[PDB]
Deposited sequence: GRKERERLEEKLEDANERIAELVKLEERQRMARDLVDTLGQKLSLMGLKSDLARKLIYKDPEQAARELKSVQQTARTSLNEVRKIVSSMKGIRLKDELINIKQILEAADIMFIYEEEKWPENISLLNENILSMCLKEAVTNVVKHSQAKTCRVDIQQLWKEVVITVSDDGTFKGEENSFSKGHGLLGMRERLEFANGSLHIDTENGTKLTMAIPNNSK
């Protein structure tokens, strides 16, 4: 029926959401308990744990909210085709040495990495004045690591809206963002896999 064949991927996305929300609920449960045990002992620390529970809740809902209707996100292979066309239109040479594609990556995590990849490249175009942009995608043991390196110049002050958005979605997936702006801008994004 075709239209029902795409339900297979929507189902994989829905399961990923169930899995992630389950883990967040569970973490929030553990922190509320610890906080409860500090109420009298250490009320300032108790407040801080609960502020963290609140942030987990808000950020999780924030990350799930946009996916839930369609149960569809961006595929990393398509985003790679996309950012190659963006660099070409910008006349910035795309450098990519293809290695073994990551194998067992959740659709949620592909969407997160795709959005980060898109934002990183968008910044190369808008801010870097780079001549080149190298994209590395690595399956590294238990993680996937994408490095976006441009040979332009970093234009920012100390700060981090793109960069905060990336850090937030990556840390929601228990991954991380590193930025090095010494000689061009190298963005390293790592997510569990």
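- Annotation: deposited residues 1-18, 179-182, 216-218 are not represented by C-alpha coordinates in the model.
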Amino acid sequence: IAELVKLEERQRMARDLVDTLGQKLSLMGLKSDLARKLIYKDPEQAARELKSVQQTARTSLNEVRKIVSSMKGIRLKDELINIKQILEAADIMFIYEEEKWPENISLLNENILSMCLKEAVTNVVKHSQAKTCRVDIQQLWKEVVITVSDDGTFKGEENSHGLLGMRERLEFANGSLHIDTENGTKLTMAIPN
From here on, numbers count along this sequence of modelled residues.
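- Higher mean CA B-factor, judged across 175-183 and 21-29 from the recorded values: 175-183.
- A summary of the deposited B-factors shows that, of 69-77 and 108-116, the stretch with the larger mean C-alpha value is 69-77.
- In the PDB entry, a CA B factor belonging to the highest third of its chain's modelled residues is recorded for residue 164.
- In the deposited entry, the Cα temperature factor of residue 134 sits in the bottom third of values across the chain's modelled residues.
- Looking at the C-alpha B-factors along this chain, the one for residue 87 belongs to the middle third.
- Per the PDB record, residue ranking by Cα B-factor puts residue 52 in the middle third of the chain.
- When the modelled residues of the chain are ordered by C-alpha B-factor, residue 125 sits in the middle third.
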